[PDB]
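Pasting the sequence and an experimental structure:
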Amino acid sequence: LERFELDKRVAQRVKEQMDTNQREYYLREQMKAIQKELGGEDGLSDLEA
Amino acid sequence: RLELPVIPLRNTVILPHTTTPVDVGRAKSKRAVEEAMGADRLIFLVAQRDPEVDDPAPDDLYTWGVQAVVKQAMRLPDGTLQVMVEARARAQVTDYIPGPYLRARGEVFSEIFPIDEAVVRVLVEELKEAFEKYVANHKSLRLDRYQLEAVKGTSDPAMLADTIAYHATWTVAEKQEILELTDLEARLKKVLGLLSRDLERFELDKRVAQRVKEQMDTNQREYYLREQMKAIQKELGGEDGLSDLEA
Amino acid sequence: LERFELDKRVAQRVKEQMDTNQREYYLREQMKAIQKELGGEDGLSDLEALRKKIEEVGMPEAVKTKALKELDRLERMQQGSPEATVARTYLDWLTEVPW
Amino acid sequence: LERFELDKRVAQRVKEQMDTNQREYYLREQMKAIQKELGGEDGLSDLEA
């Protein structure tokens, strides 16, 4: 029964690891989407200039 | 003019002519409701000082306010005295004799009256289409959707602004700068501008939601394609990255 | 008509400058929440003290635009680094000298 | 009563040391089977070496 309790415990730790990985991916793409919308006015790059 | 108890608040700003439940959950303040019934059942609602304190003080009010009045005599047996109000009109303070219990020496109401009413007609129909599509857009409001279909037909831009700008969330200092002028049709313009900024931030949210989704689908496509490349190297196999190692 | 419309276009620039820069207020508010949940604190109180100290000391406006082009390469990276700390201390050394 | 209190406490902490053994043992079982399926039985030979 201790073995089964240990299985539930590592099951929950697994699922939480997944969801923080997923949301941190989501939010870095949020950040860069917002970011290039902000830098929308300037589209000129240094090498093209 | 009849001095009235300024009954203290948590965060809620009231506009005139609106039935509103005020939940007096403070034993420093329910006795101010006893003093309100000892003051012709009358209230004078002045805004609580921002970021909140829990003390009725002279350093915990503002420089305007409105009067209200009891509608239900509701007791809650937990330390709260629920009062139903309806705000009258805007006035101010002659002598705020401080507290417990706080009062202001009451005024008469500030009485501004509409001229230039066809611009008000254009701005009421702009308000109408604006609030219409505001309800249609912001579904984070979860609003009652059976009401402006009933109350569209009136022309009372005071009461129109009251009930229309009442139900919807924008912050406390904006409630202040509506509450804190005698200027009428400019504050109607202010409400319309609030609606405009609502629609603006709505559409900017939409835009960055779409940029999110296309970056997601792009990364998934690029992963699928790099696996197509790997497996093509596999089923060519003569081009193994390995017989060079055995050689 | 012509003078009223001069004042009208003045109020047009008033409205659109308020719209645009309160709109960027909204967008940086979103970046506050995002940087919080990913890293530590509100970006460890970064890029807000620098942004409020560029506008207040001095300065010639070419220096100010030069600094605002250096805040934008710290919107792309904050981790580490052997790369972003050089521009960080560069703009620090810029903003701290007197005008 | 006192001597048998001593016996019961020392035996229960014998079971506590057995609980430490069961924790580290069973989790070591799980982690080495996972480390094996991340290996080919090599990556299991050379790391123990």
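Yep, it's here. Residues are numbered from 1 along each chain as shown, chains lettered A, B, ... in the order given.

these two touch, right, residue A:39 and residue C:69?
No: taking contact to mean CB atoms under 8 Å, the distance of 10.5 Å between residue A:39 and residue C:69 leaves them out of contact. C-beta here means a position set from N, CA and C on the backbone, and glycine is covered the same way.

Quick check: next helix or strand after the helix or strand harbouring residue C:4?
Under the criterion of DSSP states H and E, residue C:4 resides in helix C:2-38. Using DSSP H and E, the helix or strand that follows helix C:2-38 towards the C-terminus is helix C:49-54.

For that next one, name the packing helices and strands.
If contacts are counted by 3 or more CB pairs under 8 Å, 6 or more residues apart in numbering or on different chains; DSSP states H and E, helix C:49-54 sits against helix C:61-71, helix C:84-96.

how many neighbours does the nearest residue to residue C:37 once chain neighbours are set aside have?
Nearest residue to residue C:37 in three dimensions, chain neighbours excluded: residue A:27, at 6.3 Å (CB to CB, 6 or more residues apart in numbering or on different chains). Number of residues near residue A:27 (other CB atoms under 10 Å in any protein chain shown) recorded here: 16.

Stretch C:26-44: how far from the chain's middle?
15 Å (CA atoms, centre = their mean, to the nearest Å).

mind saving the C-alpha coords of it as CSV?
The C-alpha trace of stretch C:26-44 is given here as CSV (Å, rounded to 0.1, in the frame of the first residue of the first chain):
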residue,chain,number,x,y,z
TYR,C,26,-1.4,48.6,-21.8
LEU,C,27,1.2,46.6,-23.7
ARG,C,28,3.9,47.1,-21.1
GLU,C,29,1.4,46.2,-18.4
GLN,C,30,1.0,42.8,-20.1
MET,C,31,4.8,42.5,-20.2
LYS,C,32,4.8,43.1,-16.4
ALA,C,33,2.6,40.1,-15.8
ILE,C,34,4.5,37.9,-18.3
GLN,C,35,7.9,38.7,-17.0
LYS,C,36,6.7,38.1,-13.4
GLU,C,37,5.4,34.6,-14.0
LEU,C,38,8.4,33.5,-16.0
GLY,C,39,11.4,35.1,-14.1
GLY,C,40,11.6,36.5,-10.5
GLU,C,41,9.6,39.5,-9.2
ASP,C,42,8.5,42.1,-11.7
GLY,C,43,11.7,41.4,-13.8
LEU,C,44,13.6,42.0,-10.5
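
So for it, what gets flagged as buried?
Buried positions in stretch C:26-44, judged by neighbour count with 16 or more other CB atoms under 10 Å in any protein chain shown: C:30-31, C:34-35, C:38, C:43.

wait, what's in contact with residue C:76?
Residue C:76 makes contacts with residue A:35, as judged by CB atoms under 8 Å, 6 or more residues apart in numbering or on different chains.

Under a three-state scheme, what state does it occupy?
Following DSSP: H, G, I helix; E, B strand; the rest coil, we place residue C:76 in the coil state.

List the backbone torsions phi and psi for it.
Main-chain dihedrals, residue C:76, degrees, to the nearest 10: phi -90, psi -20.

I'd like to know how far it sits from residue B:222.
With the distance defined as CB to CB, to the nearest Å, residue C:76 ends up 21 Å from residue B:222.

just residue A:3 next, same as before
As for residue A:3, its distance to residue B:222 is 43 Å (criterion: CB to CB).

Closest to the centroid, which residue in chain C?
Using CA atoms, centre = their mean, the residue of chain C that lies closest to the mean C-alpha position is residue C:51, 4.8 Å off.

Isn't that residue up against residue C:71?
Yes: counting by CB under 8 Å, residue C:51 does reach residue C:71; the two are 6.3 Å apart.

Residue 44: what's it in contact with?
Picking chain A for this. The neighbourhood of residue A:44, defined by CB under 8 Å, 6+ apart, contains no residues.

And the helices and strands packed on helix C:49-54: which comes nearest chain A?
helix C:61-71 (8.9 Å; CB to the nearest CB).

buried ones in that closest one?
Across helix C:61-71, burial judged by 16+ other CB under 10 Å covers C:63, C:67, C:70.

Same question for stretch A:22-36.
Within stretch A:22-36, the residues that count as buried by 16+ other CB under 10 Å are A:27, A:29-31, A:33-35.

Not counting it itself, show me its contacts.
Surrounding stretch A:22-36, the residues in contact under the criterion CB under 8 Å, 6+ apart are B:208, B:211-212, B:215-216, C:27, C:30-31, C:34-35, C:37-38, C:75-76.
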